[PDB]
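Quick reminder, even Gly has a Cβ in these numbers, built from the backbone with ideal geometry, and neighbours come from all protein chains shown. Readers should treat all values here as calculations from the given coordinates under stated rules, not as data from a laboratory.
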Amino acid sequence: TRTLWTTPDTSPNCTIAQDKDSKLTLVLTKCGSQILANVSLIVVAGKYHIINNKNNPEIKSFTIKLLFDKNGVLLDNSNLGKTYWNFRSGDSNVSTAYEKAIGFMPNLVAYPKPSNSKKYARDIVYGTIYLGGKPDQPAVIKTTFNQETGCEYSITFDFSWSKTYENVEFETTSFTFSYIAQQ
Amino acid sequence: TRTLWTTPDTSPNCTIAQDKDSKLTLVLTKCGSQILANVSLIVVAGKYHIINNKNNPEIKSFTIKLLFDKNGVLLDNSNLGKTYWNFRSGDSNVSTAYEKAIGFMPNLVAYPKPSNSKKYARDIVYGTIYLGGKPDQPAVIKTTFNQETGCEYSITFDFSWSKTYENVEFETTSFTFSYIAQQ
Amino acid sequence: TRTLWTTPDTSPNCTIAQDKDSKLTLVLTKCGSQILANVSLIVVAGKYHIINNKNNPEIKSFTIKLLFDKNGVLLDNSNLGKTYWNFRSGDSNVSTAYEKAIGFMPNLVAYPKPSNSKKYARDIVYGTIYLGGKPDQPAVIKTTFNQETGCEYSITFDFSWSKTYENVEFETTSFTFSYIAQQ
């Protein structure tokens, strides 16, 4: 019945380019073997806050990585900030370091690490989100499972966008996906 | 009380242009701190029944708003009709039109009401349907949360389309999205 | 509360053109009135294994039919392998096979049988996925409910190859969706 969330405030809690240059809104909810994911991003400061390509054409994609361990707790090298992310209990988070996130992860069976046994997987969930909420302004949230090393589990976000966006602010829409639980 | 749904019987329950010319087969289900949600539409009379752009090239958008009070009871001036909406029980609706849908609403903190605060695009869920079942006939469904006045919560579906169609019936294909729970 | 899936042990259970020449990774979840499905396919052998639209000029579509009876028990004339498909209950298999109980099927009301009534467009849930996880290489995954014959409930998966593409192995990107349950 439980839910594990990043308090959905406008107070930043994620670093891509510079310290807390972004708030990342993710709510992950579990049912048996299937977890439902609702993600949203606002980029409040730095290089990815404003997209002007007519000056900076090279910036047409960047990536975020939620690395976990054997017990499935989020590492602090992970672009996200540890003091915002915890099992929900009303609007509060219950102000104690959690654990026991075994299962909340992308199944190693269904989504294996890139082990020497050479199979080409089908892990990737593509999608889409539009910046400002304008239709004419699309982007490609590419989410990949269990393709980062050092960790046990991993959820990486590979955002791309080809267009010639001048003073578009990086505040996405909301996108919903599910992934297969390890337990 | 697993589901606050429209009985799925394709009997018009919805007024876009004339008194009950559409059926809205919206369905919503509680997953703690998410609300997983499906939506179809059939328009079976009136100005948005058969679509001919050639003749009516300026007609390529319409809207369906739900408006909910402090207690989360669908306000009457909603496009959808109060006497078609309640919790499912088997095939009927638990034999009532209940007084407690608090918990089945879009969180204000997540998708706040209009302020002098910067409104971000994360209020919006972009998806696409297809009319008939033809690949070649898409339109956009853009659902937005708590962006409407005169109410405490609001779920507004805007249907746009961008293709010069000729004599096309507005029956759509199911879609699925989720939004974070107020409680 | 249960999940009704196939063990993702990349062990070809699905037949398209020739016996067990594909692995269909489908996983269904009771979200009460709604099922939360997540689907995938791998072609390890056959014609569809390796696609090349230069030698075979036609870009033939295909299908994957899952027919259930009055109790929701996958008939044996289906494309998938009947043995591999059950309740994990924590990714186990408790050796009991008396399964007359299942609200995992698509409501016959919200999605009727083809003959007994003129048919509407919300039979279907349209999907779009990339083969090889490459943006330039997209396909189409059309899904239909109770649109088969000599059965009681039928979730059939239509795939379509769009453009002309050369020396690609069939491995689709993950895709997520939901429908209205019978009971």
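Here are the numbers:
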item: Peptide A:121-131, shielding by other chains (average Cβ, 10 Å cutoff); result: 6
item: Dipole-positive endmost among B:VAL39, B:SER178, B:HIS49 within chain B (Cβ charges, Cα centre); result: B:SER178
item: Under 15 Å from A:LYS47, Cα to Cα: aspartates and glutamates that are on another chain or at least 8 residues apart; result: A:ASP19, A:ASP21, A:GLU58, A:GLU166, A:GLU169, A:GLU171
item: Value of relative contact order over the range C:23-123, rounded to a whole percent, pairs C-alpha under 8 Å and six or more apart; result: 19
item: Links that overshoot a 28 Å alpha carbon limit, given the list A:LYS142/B:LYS142; B:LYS23/C:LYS113; C:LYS82/C:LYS118; B:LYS163/C:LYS54; A:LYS20/B:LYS113; result: C:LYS82/C:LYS118; B:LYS163/C:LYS54
item: Loop-resident sites, the range A:39-129, for trypsin sites (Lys or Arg not before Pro), counting at most 12 other Cβ within 10 Å (DSSP); result: A:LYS54, A:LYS70, A:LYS100, A:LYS118, A:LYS119
item: Other-copy label distances relative to C:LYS47, 7 angstrom Cα-Cβ extension, nm; result: 5.0, 5.0
item: Distance between the range B:86-142 and the range A:83-143 - C-alpha centres, whole angstrom; result: 23
item: Per-copy distances of the B:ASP19 label point, shortest first, in nm (7 angstrom along Cα→Cβ); result: 6.5, 6.6
item: Peptide B:133-140, shielding by other chains (average Cβ, 10 Å cutoff); result: 3
item: Sparsely packed GluC sites (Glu not before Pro) within the range A:142-181, loop by DSSP, other Cβ within 10 Å at most 11; result: A:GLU166
item: For the range A:74-145, size of Cβ-based charge dipole, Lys and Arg +1, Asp and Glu -1, in debye; result: 340
item: Neighbour net charge for A:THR149 - beta-carbon separation under 14 angstrom, K R +1, D E -1; result: -1
item: Calculated label separations, A:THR83, copies of the chain, 7 Å along the beta-carbon direction, nm; result: 5.6, 5.7
item: Within chain C: Cβ-based charge dipole about Cα centre, in debye rounded to nearest 20 (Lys, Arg +1; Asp, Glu -1); result: 460
